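What follows is a set of notes on a single structure, which appears directly below.
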Amino acid sequence: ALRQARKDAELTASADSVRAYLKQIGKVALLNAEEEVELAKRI
DNA sequence: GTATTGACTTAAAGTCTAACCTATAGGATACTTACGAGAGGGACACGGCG
């Protein structure tokens, strides 16, 4: 229902392409300090 | 007047040095989604017949 409409809106054209880039970047969330330390040690 | 040579001075330039541009890098608290009509053609929905 509501989640179905969410998934339907997840697949739209978005001809602006800045809105498309924003919906693309919306996929990945933030991180906090300890995982930053872990990533730095790994790299 | 028209043919010369021998000095005699003069304005215009290759090269070394200095400053003034130019390409380039760097700069740690933590901050995470802007602001009219007029006609033709193609695509999506809905209903009809075998």
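We name chains A, B, ... following the order of the structure tokens; residues begin at 1 in each chain, and ligands are numbered from 1 as shown.
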Exercise for review: Define the interface residues of chain B facing chain A as those within 12 Å, counting only C-alpha atoms (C1' of nucleotides), and report them as a count of residues only.
Suggested key: 4
Exercise for review: Run DSSP on the backbone and grab whatever in chain A lands in helix (DSSP H, G or I); send it over as a PyMOL selection string.
Suggested key: chain A and resi 2-10+18-25+33-42
Go ahead and save the picked residues with N, CA, C and O atoms, as a compact mmCIF listing (two decimals), in the first residue's frame.
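Below is the file selection.txt, written as the result:
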# COMPACT_ATOMS: atom_id res chain seq x y z
N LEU A 2 1.11 1.81 1.19
CA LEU A 2 1.99 2.96 1.31
C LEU A 2 3.41 2.61 0.88
O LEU A 2 4.06 3.37 0.15
N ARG A 3 3.91 1.45 1.31
CA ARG A 3 5.22 1.00 0.87
C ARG A 3 5.22 0.67 -0.62
O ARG A 3 6.24 0.86 -1.29
N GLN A 4 4.09 0.18 -1.15
CA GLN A 4 3.99 -0.04 -2.59
C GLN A 4 4.12 1.28 -3.35
O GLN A 4 4.80 1.34 -4.38
N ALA A 5 3.48 2.34 -2.86
CA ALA A 5 3.62 3.65 -3.48
C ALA A 5 5.05 4.17 -3.33
O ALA A 5 5.56 4.85 -4.23
N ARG A 6 5.70 3.86 -2.21
CA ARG A 6 7.11 4.21 -2.03
C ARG A 6 7.97 3.55 -3.10
O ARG A 6 8.84 4.20 -3.70
N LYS A 7 7.74 2.26 -3.35
CA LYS A 7 8.54 1.56 -4.36
C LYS A 7 8.21 2.06 -5.76
O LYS A 7 9.09 2.11 -6.63
N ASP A 8 6.95 2.43 -6.01
CA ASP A 8 6.58 2.99 -7.30
C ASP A 8 7.27 4.33 -7.53
O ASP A 8 7.75 4.62 -8.63
N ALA A 9 7.32 5.17 -6.49
CA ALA A 9 8.02 6.45 -6.61
C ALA A 9 9.53 6.26 -6.67
O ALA A 9 10.24 7.15 -7.15
N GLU A 10 10.03 5.13 -6.17
CA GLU A 10 11.46 4.83 -6.26
C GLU A 10 11.93 4.69 -7.70
O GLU A 10 13.11 4.90 -7.98
N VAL A 18 19.46 16.73 -11.59
CA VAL A 18 20.00 17.04 -10.28
C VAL A 18 19.18 16.34 -9.22
O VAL A 18 19.72 15.82 -8.24
N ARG A 19 17.86 16.30 -9.41
CA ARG A 19 17.02 15.45 -8.58
C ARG A 19 17.38 13.99 -8.75
O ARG A 19 17.33 13.21 -7.79
N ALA A 20 17.77 13.59 -9.97
CA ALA A 20 18.23 12.22 -10.17
C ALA A 20 19.53 11.95 -9.41
O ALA A 20 19.68 10.91 -8.77
N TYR A 21 20.47 12.90 -9.44
CA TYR A 21 21.70 12.72 -8.67
C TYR A 21 21.41 12.70 -7.17
O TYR A 21 22.06 11.96 -6.42
N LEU A 22 20.46 13.51 -6.71
CA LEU A 22 20.11 13.54 -5.30
C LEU A 22 19.45 12.23 -4.86
O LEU A 22 19.76 11.70 -3.78
N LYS A 23 18.56 11.69 -5.68
CA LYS A 23 17.97 10.40 -5.36
C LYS A 23 19.01 9.29 -5.42
O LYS A 23 18.89 8.29 -4.70
N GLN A 24 20.03 9.44 -6.26
CA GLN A 24 21.11 8.46 -6.29
C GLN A 24 21.94 8.52 -5.01
O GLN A 24 22.24 7.49 -4.41
N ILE A 25 22.32 9.73 -4.57
CA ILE A 25 23.15 9.84 -3.38
C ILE A 25 22.36 9.46 -2.13
O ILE A 25 22.94 8.98 -1.14
N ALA A 33 32.58 7.94 14.10
CA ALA A 33 34.03 8.08 14.22
C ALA A 33 34.75 6.73 14.22
O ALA A 33 35.82 6.59 13.62
N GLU A 34 34.19 5.74 14.92
CA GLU A 34 34.88 4.46 15.03
C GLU A 34 34.98 3.74 13.69
O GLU A 34 36.02 3.15 13.36
N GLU A 35 33.92 3.80 12.88
CA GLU A 35 33.99 3.21 11.55
C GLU A 35 34.91 4.02 10.64
O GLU A 35 35.52 3.47 9.73
N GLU A 36 35.02 5.33 10.89
CA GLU A 36 36.02 6.12 10.18
C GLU A 36 37.43 5.64 10.50
O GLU A 36 38.28 5.52 9.61
N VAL A 37 37.69 5.34 11.78
CA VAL A 37 38.98 4.79 12.19
C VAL A 37 39.22 3.45 11.51
O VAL A 37 40.32 3.17 11.00
N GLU A 38 38.19 2.59 11.49
CA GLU A 38 38.32 1.27 10.88
C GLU A 38 38.61 1.39 9.39
O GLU A 38 39.49 0.70 8.86
N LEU A 39 37.89 2.28 8.69
CA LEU A 39 38.11 2.47 7.27
C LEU A 39 39.50 3.03 6.99
O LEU A 39 40.15 2.62 6.03
N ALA A 40 39.96 3.98 7.81
CA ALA A 40 41.29 4.55 7.63
C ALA A 40 42.37 3.49 7.81
O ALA A 40 43.32 3.41 7.01
N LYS A 41 42.24 2.66 8.84
CA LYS A 41 43.20 1.58 9.04
C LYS A 41 43.17 0.60 7.87
O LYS A 41 44.22 0.16 7.40
N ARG A 42 41.97 0.29 7.36
CA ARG A 42 41.86 -0.64 6.24
C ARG A 42 42.51 -0.07 4.98
O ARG A 42 43.23 -0.79 4.27
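Taking CA of residue 13 (chain A) and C1' of residue 39 (chain B) as endpoints, the distance between them is 28.6 Å.
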